[PDB]
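Pasting work-v2.pdb here (PDB, C-alpha atoms):
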```pdb
ATOM      1  CA  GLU A 826      95.644 183.018 153.541
ATOM      2  CA  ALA A 827      93.348 180.610 151.689
ATOM      3  CA  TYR A 828      92.285 183.376 149.293
ATOM      4  CA  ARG A 829      95.917 184.345 148.675
ATOM      5  CA  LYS A 830      96.862 180.722 147.991
ATOM      6  CA  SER A 831      93.926 180.427 145.586
ATOM      7  CA  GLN A 832      95.062 183.563 143.735
ATOM      8  CA  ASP A 833      98.576 182.083 143.284
ATOM      9  CA  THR A 834      98.053 180.835 139.707
ATOM     10  CA  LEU A 835     101.755 180.119 139.039
ATOM     11  CA  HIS A 836     101.918 177.900 142.156
ATOM     12  CA  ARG A 837      98.709 176.128 140.995
ATOM     13  CA  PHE A 838     100.258 175.458 137.543
ATOM     14  CA  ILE A 839     103.508 174.236 139.148
ATOM     15  CA  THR A 840     101.723 171.906 141.631
ATOM     16  CA  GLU A 841      99.355 170.587 138.886
ATOM     17  CA  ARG A 842     101.815 170.109 135.924
ATOM     18  CA  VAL A 843     105.504 170.586 136.994
ATOM     19  CA  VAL A 844     107.262 167.599 138.664
ATOM     20  CA  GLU A 845     110.861 166.666 139.547
ATOM     21  CA  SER A 846     112.225 163.673 137.536
ATOM     22  CA  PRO A 847     115.723 162.311 138.275
ATOM     23  CA  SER A 848     114.949 159.444 135.807
ATOM     24  CA  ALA A 849     114.102 161.764 132.875
ATOM     25  CA  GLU A 850     115.704 165.138 133.585
ATOM     26  CA  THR A 851     114.560 166.678 130.267
ATOM     27  CA  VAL A 852     116.179 170.059 130.831
ATOM     28  CA  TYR A 853     113.829 172.860 129.771
ATOM     29  CA  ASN A 854     114.735 176.454 129.051
ATOM     30  CA  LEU A 855     112.963 179.085 131.130
ATOM     31  CA  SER A 856     111.024 180.350 128.104
ATOM     32  CA  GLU A 857     109.659 176.849 127.454
ATOM     33  CA  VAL A 858     108.321 176.626 131.028
ATOM     34  CA  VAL A 859     106.916 180.166 130.646
ATOM     35  CA  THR A 860     105.067 179.205 127.455
ATOM     36  CA  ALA A 861     103.763 176.030 129.175
ATOM     37  CA  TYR A 862     102.462 178.183 132.069
ATOM     38  CA  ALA A 863     100.900 180.611 129.561
ATOM     39  CA  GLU A 864      98.978 177.914 127.648
ATOM     40  CA  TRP A 865      97.973 176.252 130.963
ATOM     41  CA  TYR A 866      96.594 179.610 132.157
ATOM     42  CA  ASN A 867      94.736 180.122 128.874
ATOM     43  CA  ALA A 868      93.235 176.586 128.855
ATOM     44  CA  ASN A 869      92.534 176.222 132.630
ATOM     45  CA  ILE A 870      92.015 179.802 133.908
ATOM     46  CA  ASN A 871      91.521 182.509 131.283
ATOM     47  CA  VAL A 872      92.700 183.533 127.824
ATOM     48  CA  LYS A 873      94.987 186.453 128.664
ATOM     49  CA  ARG A 874      98.177 188.130 127.502
ATOM     50  CA  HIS A 875     101.393 186.709 128.954
ATOM     51  CA  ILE A 876     104.805 188.384 129.420
ATOM     52  CA  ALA A 877     107.813 186.061 129.648
ATOM     53  CA  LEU A 878     110.058 188.693 131.319
ATOM     54  CA  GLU A 879     107.852 188.865 134.431
ATOM     55  CA  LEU A 880     107.259 185.118 134.591
ATOM     56  CA  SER A 881     111.027 184.606 134.615
ATOM     57  CA  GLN A 882     111.325 186.361 137.983
ATOM     58  CA  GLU A 883     108.059 184.909 139.399
ATOM     59  CA  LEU A 884     109.340 181.408 138.507
ATOM     60  CA  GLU A 885     112.797 182.267 139.968
ATOM     61  CA  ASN A 886     111.027 182.742 143.331
ATOM     62  CA  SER A 887     108.562 179.812 143.410
ATOM     63  CA  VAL A 888     109.129 176.232 144.684
ATOM     64  CA  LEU A 889     111.170 175.577 141.461
ATOM     65  CA  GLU A 890     113.977 178.134 142.226
ATOM     66  CA  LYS A 891     116.325 175.410 143.599
ATOM     67  CA  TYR A 892     116.208 173.543 140.236
ATOM     68  CA  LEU A 893     117.263 176.559 138.074
ATOM     69  CA  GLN A 894     120.890 175.997 137.096
ATOM     70  CA  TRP A 895     122.931 177.694 134.353
ATOM     71  CA  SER A 896     123.141 176.547 130.738
ATOM     72  CA  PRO A 897     126.380 176.671 128.723
ATOM     73  CA  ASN A 898     124.864 179.756 127.055
ATOM     74  CA  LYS A 899     124.428 181.213 130.582
ATOM     75  CA  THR A 900     120.659 181.070 130.036
ATOM     76  CA  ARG A 901     118.085 180.235 132.690
ATOM     77  CA  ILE A 902     117.182 176.540 132.439
ATOM     78  CA  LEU A 903     114.941 174.293 134.602
ATOM     79  CA  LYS A 904     117.095 171.222 135.394
ATOM     80  CA  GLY A 905     115.890 167.762 136.560
ATOM     81  CA  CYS A 906     112.121 168.492 136.165
ATOM     82  CA  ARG A 907     109.395 167.275 133.775
ATOM     83  CA  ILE A 908     106.475 169.442 132.525
ATOM     84  CA  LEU A 909     103.458 167.069 132.418
ATOM     85  CA  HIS A 910     101.193 167.144 129.311
ATOM     86  CA  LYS A 911      97.320 166.842 129.331
ATOM     87  CA  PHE A 912      97.337 163.285 130.829
ATOM     88  CA  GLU A 913     100.890 162.602 132.035
ATOM     89  CA  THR A 914     101.128 161.207 135.613
ATOM     90  CA  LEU A 915     103.721 161.066 138.417
ATOM     91  CA  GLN A 916     106.174 158.144 137.846
ATOM     92  CA  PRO A 917     109.101 156.713 139.902
ATOM     93  CA  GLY A 918     112.222 158.941 139.626
ATOM     94  CA  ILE A 935      85.257 179.070 167.995
ATOM     95  CA  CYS A 936      84.834 181.080 171.215
ATOM     96  CA  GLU A 937      81.824 180.901 173.599
ATOM     97  CA  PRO A 938      78.709 182.939 172.491
ATOM     98  CA  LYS A 939      76.371 181.937 175.352
ATOM     99  CA  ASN A 940      76.435 185.422 176.927
ATOM    100  CA  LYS A 941      77.038 189.162 176.169
ATOM    101  CA  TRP A 942      79.743 188.765 173.544
ATOM    102  CA  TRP A 943      80.311 192.533 173.216
ATOM    103  CA  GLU A 944      82.141 192.336 176.619
ATOM    104  CA  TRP A 945      84.288 189.307 175.553
ATOM    105  CA  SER A 946      88.047 189.690 176.158
ATOM    106  CA  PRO A 947      90.729 187.308 174.748
ATOM    107  CA  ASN A 948      91.600 184.374 177.109
ATOM    108  CA  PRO A 949      94.619 186.477 178.413
ATOM    109  CA  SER A 950      92.045 189.236 179.278
TER     110      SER A 950
ATOM    111  CA  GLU B 826     124.841 200.093 136.282
ATOM    112  CA  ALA B 827     123.200 196.740 137.031
ATOM    113  CA  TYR B 828     119.748 198.206 136.361
ATOM    114  CA  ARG B 829     120.878 199.704 133.047
ATOM    115  CA  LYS B 830     122.535 196.437 132.013
ATOM    116  CA  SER B 831     119.352 194.516 132.838
ATOM    117  CA  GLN B 832     117.320 197.015 130.793
ATOM    118  CA  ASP B 833     119.603 196.464 127.759
ATOM    119  CA  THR B 834     117.531 194.011 125.732
ATOM    120  CA  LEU B 835     119.810 194.093 122.679
ATOM    121  CA  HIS B 836     122.927 193.123 124.637
ATOM    122  CA  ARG B 837     121.068 190.246 126.298
ATOM    123  CA  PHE B 838     119.844 189.009 122.909
ATOM    124  CA  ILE B 839     123.357 189.251 121.455
ATOM    125  CA  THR B 840     124.846 187.318 124.376
ATOM    126  CA  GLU B 841     122.149 184.633 124.237
ATOM    127  CA  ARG B 842     121.880 184.095 120.474
ATOM    128  CA  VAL B 843     124.853 185.651 118.627
ATOM    129  CA  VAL B 844     128.164 183.809 119.013
ATOM    130  CA  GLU B 845     131.327 183.730 116.929
ATOM    131  CA  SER B 846     131.952 180.890 114.469
ATOM    132  CA  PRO B 847     135.176 181.239 112.452
ATOM    133  CA  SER B 848     134.738 177.730 111.006
ATOM    134  CA  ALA B 849     131.484 178.820 109.291
ATOM    135  CA  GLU B 850     131.280 182.532 108.491
ATOM    136  CA  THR B 851     127.699 182.221 107.155
ATOM    137  CA  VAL B 852     127.228 185.908 106.208
ATOM    138  CA  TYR B 853     123.893 187.356 107.410
ATOM    139  CA  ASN B 854     122.324 190.651 106.320
ATOM    140  CA  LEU B 855     121.550 193.268 108.998
ATOM    141  CA  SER B 856     117.791 192.692 108.440
ATOM    142  CA  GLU B 857     118.216 188.992 109.351
ATOM    143  CA  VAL B 858     119.783 189.947 112.689
ATOM    144  CA  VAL B 859     116.976 192.450 113.296
ATOM    145  CA  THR B 860     114.336 189.795 112.592
ATOM    146  CA  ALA B 861     116.151 187.375 114.904
ATOM    147  CA  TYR B 862     116.115 190.010 117.650
ATOM    148  CA  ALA B 863     112.412 190.656 117.043
ATOM    149  CA  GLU B 864     111.469 186.981 117.316
ATOM    150  CA  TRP B 865     113.731 186.562 120.358
ATOM    151  CA  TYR B 866     112.011 189.496 122.066
ATOM    152  CA  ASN B 867     108.575 188.131 121.156
ATOM    153  CA  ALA B 868     109.338 184.635 122.477
ATOM    154  CA  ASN B 869     111.502 185.483 125.508
ATOM    155  CA  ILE B 870     110.380 188.925 126.722
ATOM    156  CA  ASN B 871     107.036 190.131 125.356
ATOM    157  CA  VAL B 872     105.006 190.239 122.155
ATOM    158  CA  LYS B 873     106.067 193.709 121.006
ATOM    159  CA  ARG B 874     106.249 195.705 117.780
ATOM    160  CA  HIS B 875     109.779 196.933 117.045
ATOM    161  CA  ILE B 876     110.945 199.420 114.429
ATOM    162  CA  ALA B 877     113.700 197.653 112.511
ATOM    163  CA  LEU B 878     115.623 200.847 111.711
ATOM    164  CA  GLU B 879     116.113 201.679 115.397
ATOM    165  CA  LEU B 880     117.434 198.158 115.909
ATOM    166  CA  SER B 881     119.712 198.797 112.923
ATOM    167  CA  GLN B 882     121.411 201.773 114.566
ATOM    168  CA  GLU B 883     121.460 199.970 117.925
ATOM    169  CA  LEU B 884     123.208 196.965 116.359
ATOM    170  CA  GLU B 885     125.627 199.329 114.566
ATOM    171  CA  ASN B 886     126.415 200.736 118.045
ATOM    172  CA  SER B 887     126.478 197.275 119.658
ATOM    173  CA  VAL B 888     129.403 194.939 120.347
ATOM    174  CA  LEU B 889     128.814 193.257 116.966
ATOM    175  CA  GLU B 890     130.220 196.284 115.086
ATOM    176  CA  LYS B 891     133.601 194.502 114.692
ATOM    177  CA  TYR B 892     131.761 191.546 113.066
ATOM    178  CA  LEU B 893     129.392 193.894 111.107
ATOM    179  CA  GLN B 894     131.486 194.026 107.905
ATOM    180  CA  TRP B 895     130.724 195.515 104.439
ATOM    181  CA  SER B 896     129.314 193.482 101.513
ATOM    182  CA  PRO B 897     129.334 194.043  97.680
ATOM    183  CA  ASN B 898     125.616 194.989  98.159
ATOM    184  CA  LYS B 899     126.824 198.283  99.875
ATOM    185  CA  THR B 900     124.966 197.108 103.074
ATOM    186  CA  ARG B 901     126.174 196.097 106.548
ATOM    187  CA  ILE B 902     126.546 192.324 107.120
ATOM    188  CA  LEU B 903     127.208 190.138 110.193
ATOM    189  CA  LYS B 904     130.325 188.030 109.357
ATOM    190  CA  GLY B 905     132.261 185.325 111.219
ATOM    191  CA  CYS B 906     129.368 184.589 113.583
ATOM    192  CA  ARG B 907     126.381 182.250 113.803
ATOM    193  CA  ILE B 908     122.902 183.232 114.993
ATOM    194  CA  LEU B 909     121.847 180.437 117.344
ATOM    195  CA  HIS B 910     118.203 179.371 117.210
ATOM    196  CA  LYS B 911     116.110 178.440 120.251
ATOM    197  CA  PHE B 912     117.487 174.885 120.382
ATOM    198  CA  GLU B 913     121.060 175.732 119.341
ATOM    199  CA  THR B 914     123.847 175.971 121.916
ATOM    200  CA  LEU B 915     127.565 176.706 122.019
ATOM    201  CA  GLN B 916     129.592 174.359 119.820
ATOM    202  CA  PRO B 917     133.271 174.300 118.817
ATOM    203  CA  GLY B 918     134.143 176.145 115.630
ATOM    204  CA  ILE B 935     131.184 199.427 153.749
ATOM    205  CA  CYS B 936     132.661 202.251 155.866
ATOM    206  CA  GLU B 937     132.505 202.274 159.703
ATOM    207  CA  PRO B 938     129.879 204.439 161.543
ATOM    208  CA  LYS B 939     131.724 204.446 164.946
ATOM    209  CA  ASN B 940     129.565 206.988 166.800
ATOM    210  CA  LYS B 941     128.437 209.894 164.456
ATOM    211  CA  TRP B 942     127.947 208.850 160.842
ATOM    212  CA  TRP B 943     126.693 212.327 159.785
ATOM    213  CA  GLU B 944     130.173 213.814 160.573
ATOM    214  CA  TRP B 945     131.898 211.124 158.427
ATOM    215  CA  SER B 946     133.985 212.761 155.681
ATOM    216  CA  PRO B 947     137.585 211.402 155.775
ATOM    217  CA  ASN B 948     140.135 212.583 153.128
ATOM    218  CA  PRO B 949     139.216 209.679 150.683
ATOM    219  CA  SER B 950     135.459 210.639 150.752
TER     220      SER B 950
END
```
Since I need it in another form, could you write the structure as C-alpha cells?
Amino acid sequence: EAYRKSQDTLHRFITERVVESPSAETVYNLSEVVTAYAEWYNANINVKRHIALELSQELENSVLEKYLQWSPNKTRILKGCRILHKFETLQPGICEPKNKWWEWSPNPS
Amino acid sequence: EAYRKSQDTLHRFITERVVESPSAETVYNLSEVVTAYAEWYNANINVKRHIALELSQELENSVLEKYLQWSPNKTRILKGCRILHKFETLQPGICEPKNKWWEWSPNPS
C-alpha cells in the first residue's frame, strides 16, 4: 500500500500544489490543471511526455472530482480551488520468534 | 454510440470552440479552422501531427457545413460563427428474467 501510494504521482501533485479556496475560487479549466500537473511532473519527478486526454479522466477520479462542475461551454472546469505556484502557501478560505517458527499457526490456529 | 461519440475529436472541438455569432460574421478560411483544431488537439488532447487536408474533408462533412459558405477566392469559408480561443466563452451576439432467461424471446424481441 505504501509503494502504491508513492507511485500515485497525480495524488502527490494534488496534495502538494492543489488546494480548495472559497475566498479566491479562481475557476480553472481542466486543461490548465493538466498543464500544471505536467510541468510539476517535469520539474519535480521527470521530464516526460504528457497526454491531456488521459489526465482528464485520472483527475475526474481523484480527490478533486467533487469540485469539477460544468462551464457555460459545457467544458470540464475545476471550481473553487487554487493551484499553488512555486512558493504559494495555504491561506484562510510482530509475532513471537523465540521457537520453531516453521510450525507457527495464526492466533486462530 | 457513446464510444463513437467520445472518439469523435472534431465534433468535440467544434462544440467547445466553434459557436455561432450573427452579430459578427468574421469570415474565416478553412485553413484557419484547421489550425484552430490542430492547436486545440495539441493543448487539450495530445501533441499530435495532423494532416490538414483530412481535417478539411472532415470539416466539410461536419455540422459546420451549413456555415461553410463560398468566398470570391473559390475556397470554402466559415461564416456567421466565431472561433473561441482558450479564454473565450459564450457571449450574446431491463427485461425480467423470471425463471429461465435463456428461453426469453417474447414477440417484441
Only residues of chain B matter here; which ones have an atom within 9 Å of chain A, counting only C-alpha atoms? Give them as a PyMOL selection string.
chain B and resi 840-842+867-872+914-915
Fit result for chain B on chain A over all paired C-alpha atoms, given as a PDB file with C-alpha atoms, in the frame of the given file:
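In the end it all went to superposed_33.pdb:
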```
ATOM      1  CA  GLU B 826      95.378 182.932 153.109  1.00  0.00           C
ATOM      2  CA  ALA B 827      93.057 180.554 151.251  1.00  0.00           C
ATOM      3  CA  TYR B 828      91.923 183.362 148.940  1.00  0.00           C
ATOM      4  CA  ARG B 829      95.516 184.378 148.189  1.00  0.00           C
ATOM      5  CA  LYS B 830      96.517 180.762 147.550  1.00  0.00           C
ATOM      6  CA  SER B 831      93.579 180.328 145.167  1.00  0.00           C
ATOM      7  CA  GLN B 832      94.583 183.530 143.353  1.00  0.00           C
ATOM      8  CA  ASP B 833      98.145 182.193 142.860  1.00  0.00           C
ATOM      9  CA  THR B 834      97.952 180.924 139.286  1.00  0.00           C
ATOM     10  CA  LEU B 835     101.675 180.162 139.001  1.00  0.00           C
ATOM     11  CA  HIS B 836     101.725 177.892 142.056  1.00  0.00           C
ATOM     12  CA  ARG B 837      98.677 176.000 140.782  1.00  0.00           C
ATOM     13  CA  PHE B 838     100.324 175.532 137.379  1.00  0.00           C
ATOM     14  CA  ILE B 839     103.551 174.331 139.009  1.00  0.00           C
ATOM     15  CA  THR B 840     101.681 171.834 141.189  1.00  0.00           C
ATOM     16  CA  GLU B 841      99.597 170.542 138.275  1.00  0.00           C
ATOM     17  CA  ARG B 842     102.252 170.320 135.551  1.00  0.00           C
ATOM     18  CA  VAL B 843     105.782 170.553 137.021  1.00  0.00           C
ATOM     19  CA  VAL B 844     106.967 167.475 138.924  1.00  0.00           C
ATOM     20  CA  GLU B 845     110.408 166.156 139.804  1.00  0.00           C
ATOM     21  CA  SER B 846     112.025 163.419 137.706  1.00  0.00           C
ATOM     22  CA  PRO B 847     115.549 162.459 138.821  1.00  0.00           C
ATOM     23  CA  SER B 848     115.602 159.522 136.378  1.00  0.00           C
ATOM     24  CA  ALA B 849     115.311 161.949 133.421  1.00  0.00           C
ATOM     25  CA  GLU B 850     116.687 165.431 134.086  1.00  0.00           C
ATOM     26  CA  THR B 851     115.582 166.711 130.644  1.00  0.00           C
ATOM     27  CA  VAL B 852     116.912 170.289 131.023  1.00  0.00           C
ATOM     28  CA  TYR B 853     114.381 172.956 129.955  1.00  0.00           C
ATOM     29  CA  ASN B 854     115.095 176.647 129.340  1.00  0.00           C
ATOM     30  CA  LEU B 855     113.169 179.236 131.392  1.00  0.00           C
ATOM     31  CA  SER B 856     111.291 180.319 128.218  1.00  0.00           C
ATOM     32  CA  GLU B 857     109.959 176.750 127.780  1.00  0.00           C
ATOM     33  CA  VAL B 858     108.486 176.821 131.292  1.00  0.00           C
ATOM     34  CA  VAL B 859     106.972 180.246 130.592  1.00  0.00           C
ATOM     35  CA  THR B 860     105.369 178.980 127.376  1.00  0.00           C
ATOM     36  CA  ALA B 861     104.049 175.929 129.233  1.00  0.00           C
ATOM     37  CA  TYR B 862     102.503 178.221 131.848  1.00  0.00           C
ATOM     38  CA  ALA B 863     100.982 180.390 129.113  1.00  0.00           C
ATOM     39  CA  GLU B 864      99.361 177.446 127.332  1.00  0.00           C
ATOM     40  CA  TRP B 865      98.199 175.991 130.660  1.00  0.00           C
ATOM     41  CA  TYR B 866      96.557 179.305 131.558  1.00  0.00           C
ATOM     42  CA  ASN B 867      94.956 179.551 128.112  1.00  0.00           C
ATOM     43  CA  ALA B 868      93.548 176.008 128.238  1.00  0.00           C
ATOM     44  CA  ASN B 869      92.635 175.743 131.937  1.00  0.00           C
ATOM     45  CA  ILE B 870      91.844 179.286 133.123  1.00  0.00           C
ATOM     46  CA  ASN B 871      91.255 181.841 130.362  1.00  0.00           C
ATOM     47  CA  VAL B 872      92.603 182.923 126.986  1.00  0.00           C
ATOM     48  CA  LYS B 873      94.927 185.667 128.232  1.00  0.00           C
ATOM     49  CA  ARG B 874      98.019 187.530 127.049  1.00  0.00           C
ATOM     50  CA  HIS B 875     100.926 187.186 129.486  1.00  0.00           C
ATOM     51  CA  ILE B 876     104.226 189.055 129.544  1.00  0.00           C
ATOM     52  CA  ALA B 877     106.906 186.372 129.648  1.00  0.00           C
ATOM     53  CA  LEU B 878     109.393 188.489 131.616  1.00  0.00           C
ATOM     54  CA  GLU B 879     106.995 188.887 134.550  1.00  0.00           C
ATOM     55  CA  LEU B 880     106.535 185.120 134.551  1.00  0.00           C
ATOM     56  CA  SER B 881     110.336 184.861 134.504  1.00  0.00           C
ATOM     57  CA  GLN B 882     110.735 186.776 137.762  1.00  0.00           C
ATOM     58  CA  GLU B 883     107.719 184.986 139.256  1.00  0.00           C
ATOM     59  CA  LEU B 884     109.250 181.590 138.442  1.00  0.00           C
ATOM     60  CA  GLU B 885     112.606 182.786 139.844  1.00  0.00           C
ATOM     61  CA  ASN B 886     110.676 183.589 143.059  1.00  0.00           C
ATOM     62  CA  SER B 887     108.643 180.361 142.890  1.00  0.00           C
ATOM     63  CA  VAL B 888     109.252 176.985 144.539  1.00  0.00           C
ATOM     64  CA  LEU B 889     111.156 175.845 141.427  1.00  0.00           C
ATOM     65  CA  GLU B 890     114.147 178.073 142.301  1.00  0.00           C
ATOM     66  CA  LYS B 891     115.996 175.050 143.788  1.00  0.00           C
ATOM     67  CA  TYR B 892     115.507 173.212 140.449  1.00  0.00           C
ATOM     68  CA  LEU B 893     116.213 176.416 138.400  1.00  0.00           C
ATOM     69  CA  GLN B 894     119.957 175.784 137.911  1.00  0.00           C
ATOM     70  CA  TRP B 895     122.570 177.594 135.741  1.00  0.00           C
ATOM     71  CA  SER B 896     123.561 176.464 132.217  1.00  0.00           C
ATOM     72  CA  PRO B 897     126.696 177.119 130.037  1.00  0.00           C
ATOM     73  CA  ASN B 898     124.389 179.522 128.074  1.00  0.00           C
ATOM     74  CA  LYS B 899     124.522 181.929 131.147  1.00  0.00           C
ATOM     75  CA  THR B 900     120.672 181.517 131.432  1.00  0.00           C
ATOM     76  CA  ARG B 901     118.424 179.952 134.086  1.00  0.00           C
ATOM     77  CA  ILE B 902     117.309 176.353 133.375  1.00  0.00           C
ATOM     78  CA  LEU B 903     114.781 173.969 134.984  1.00  0.00           C
ATOM     79  CA  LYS B 904     116.746 170.780 135.895  1.00  0.00           C
ATOM     80  CA  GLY B 905     115.780 167.439 137.456  1.00  0.00           C
ATOM     81  CA  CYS B 906     112.086 167.894 136.652  1.00  0.00           C
ATOM     82  CA  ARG B 907     109.635 167.023 133.882  1.00  0.00           C
ATOM     83  CA  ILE B 908     106.921 169.330 132.542  1.00  0.00           C
ATOM     84  CA  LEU B 909     103.819 167.146 132.288  1.00  0.00           C
ATOM     85  CA  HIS B 910     101.563 167.719 129.286  1.00  0.00           C
ATOM     86  CA  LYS B 911      97.758 167.634 129.394  1.00  0.00           C
ATOM     87  CA  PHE B 912      97.620 163.827 129.186  1.00  0.00           C
ATOM     88  CA  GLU B 913     100.702 163.133 131.328  1.00  0.00           C
ATOM     89  CA  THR B 914     100.363 162.072 134.963  1.00  0.00           C
ATOM     90  CA  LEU B 915     102.609 161.169 137.881  1.00  0.00           C
ATOM     91  CA  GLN B 916     104.950 158.278 137.098  1.00  0.00           C
ATOM     92  CA  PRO B 917     107.851 156.716 139.019  1.00  0.00           C
ATOM     93  CA  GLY B 918     111.276 158.150 138.289  1.00  0.00           C
ATOM     94  CA  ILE B 935      85.263 178.952 168.196  1.00  0.00           C
ATOM     95  CA  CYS B 936      85.128 180.803 171.541  1.00  0.00           C
ATOM     96  CA  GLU B 937      82.048 180.735 173.834  1.00  0.00           C
ATOM     97  CA  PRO B 938      79.597 183.728 173.911  1.00  0.00           C
ATOM     98  CA  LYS B 939      78.012 182.820 177.324  1.00  0.00           C
ATOM     99  CA  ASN B 940      75.909 185.957 177.868  1.00  0.00           C
ATOM    100  CA  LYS B 941      77.766 189.160 176.642  1.00  0.00           C
ATOM    101  CA  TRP B 942      80.059 188.566 173.678  1.00  0.00           C
ATOM    102  CA  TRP B 943      80.972 192.288 173.368  1.00  0.00           C
ATOM    103  CA  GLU B 944      82.722 192.139 176.812  1.00  0.00           C
ATOM    104  CA  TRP B 945      84.766 189.061 175.730  1.00  0.00           C
ATOM    105  CA  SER B 946      88.503 189.777 176.050  1.00  0.00           C
ATOM    106  CA  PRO B 947      90.197 187.027 178.142  1.00  0.00           C
ATOM    107  CA  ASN B 948      94.017 187.130 178.687  1.00  0.00           C
ATOM    108  CA  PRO B 949      94.713 184.985 175.498  1.00  0.00           C
ATOM    109  CA  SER B 950      92.707 187.433 173.257  1.00  0.00           C
TER     110      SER B 950
END
```
Chain and number of each residue from the PyMOL selection byres ((chain B and resi 843) around 10), as a ChimeraX atom specification
/B:836-842,844-846,858,861-862,889,903,906-910,915
Nearest-residue call for residue 866 in chain B, choices B:835, B:852, B:936, B:888, using all atoms listed in the file
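Ranked by minimum distance to residue 866 in chain B, first place goes to B:835.
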Which value, in Å to one decimal, gives the distance between CA of residue 904 in chain B and CA of residue 851 in chain B?
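So the answer is 6.7 Å.
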My list of candidates is B:891, B:829, B:901, B:911. Which is closest to residue 865 in chain B when distances are computed with all atoms listed in the file?
B:911
Gap from CA of residue 893 in chain B to CA of residue 834 in chain B - Å, one decimal
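Computing it gives 18.8 Å between the two atoms.
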Expressed in Å to a single decimal, how great is the separation between CA of residue 892 in chain B and CA of residue 848 in chain B?
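Taking CA of residue 892 in chain B as the start and CA of residue 848 in chain B as the end point, the length is 14.3 Å.
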